[PDB]
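Worksheet for the structure shown next.
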Amino acid sequence: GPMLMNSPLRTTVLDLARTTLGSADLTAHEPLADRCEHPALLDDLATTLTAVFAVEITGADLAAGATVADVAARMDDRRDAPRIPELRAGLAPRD
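Sequential numbering from 66 applies to the sequence shown in the working numbering.
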């Protein structure tokens, strides 16, 4: 898939997922809306994703079945896209 073996983004997604969704064991592919017994917090997660990954994904899309491997794949896609010129991309884009 469009993922990297060591994702600095996904690592944190997997961490804040268990925190915001309100579950104990959050694994890589967990349907977030399914694991949460208080799904209203899905909006909190999405709002969190702004400051944390510089890319937000609104509840309707996030809760649609985007797991840590899915949401973060888009995050690394953002980092795959031209990042701040101070070498924040890692993956240099070819336009």
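Ideal placement from N, C-alpha and C gives every residue a C-beta, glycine not left out.
What would DSSP say about residue i, mapped onto helix, strand or coil?
| i | result |
| --- | --- |
| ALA146 | coil |
| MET140 | helix |
| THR113 | helix |
| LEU91 | coil |
| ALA105 | helix |
| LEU97 | helix |
| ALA154 | coil |
| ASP135 | helix |
Under 8 Å, Cβ to Cβ, is there at least one residue of chain B near residue i?
| i | result |
| --- | --- |
| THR85 | Chain labels in this structure do not include chain B; a single protein chain is all it has. |
Could you round the C-beta distance between residue i and residue j to whole angstroms and report it? I think they count as a contact, below 8 Å.
| i | j | result |
| --- | --- | --- |
| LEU107 | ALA98 | 6 Å |
| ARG143 | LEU156 | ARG143 to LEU156, Cβ: 11 Å. No contact. |
| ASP141 | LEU79 | Between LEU79 and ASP141 the Cβ distance is about 13 Å, and since that is not below 8 Å, they are no contact. |
| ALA154 | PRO147 | 7 Å |
| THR132 | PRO96 | 7 Å |
Any heavy atom of the ligand MG closer than 7 Å to the beta-carbon of residue i?
| i | result |
| --- | --- |
| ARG143 | With respect to the ligand MG, the structure offers nothing, as it holds no ligand at all. |
Between residue i and residue j, is the Cβ-Cβ spacing less than 8 Å?
| i | j | result |
| --- | --- | --- |
| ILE122 | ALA105 | no |
| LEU81 | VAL117 | yes |
In the DSSP assignment, the alpha helix (DSSP H) including residue i goes from what residue to what residue?
| i | result |
| --- | --- |
| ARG75 | 73–86 |
| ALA125 | 124–127 |
Who are the Cβ neighbours of residue i in its own chain at under 6 Å, not counting the five residues just before and after it?
| i | result |
| --- | --- |
| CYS101 | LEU86, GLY87 |
Sorted by chain position, which residues of the same chain lie with C-beta nearer than 8 Å to residue i's C-beta, five sequence neighbours on each side aside?
| i | result |
| --- | --- |
| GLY66 | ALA134, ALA138 |
| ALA128 | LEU97, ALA98, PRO104, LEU107 |
Excluding five sequence neighbours on each side, which residues of the same chain lie with their C-beta closer than 7 Å to the C-beta of residue i?
| i | result |
| --- | --- |
| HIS94 | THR132, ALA134 |
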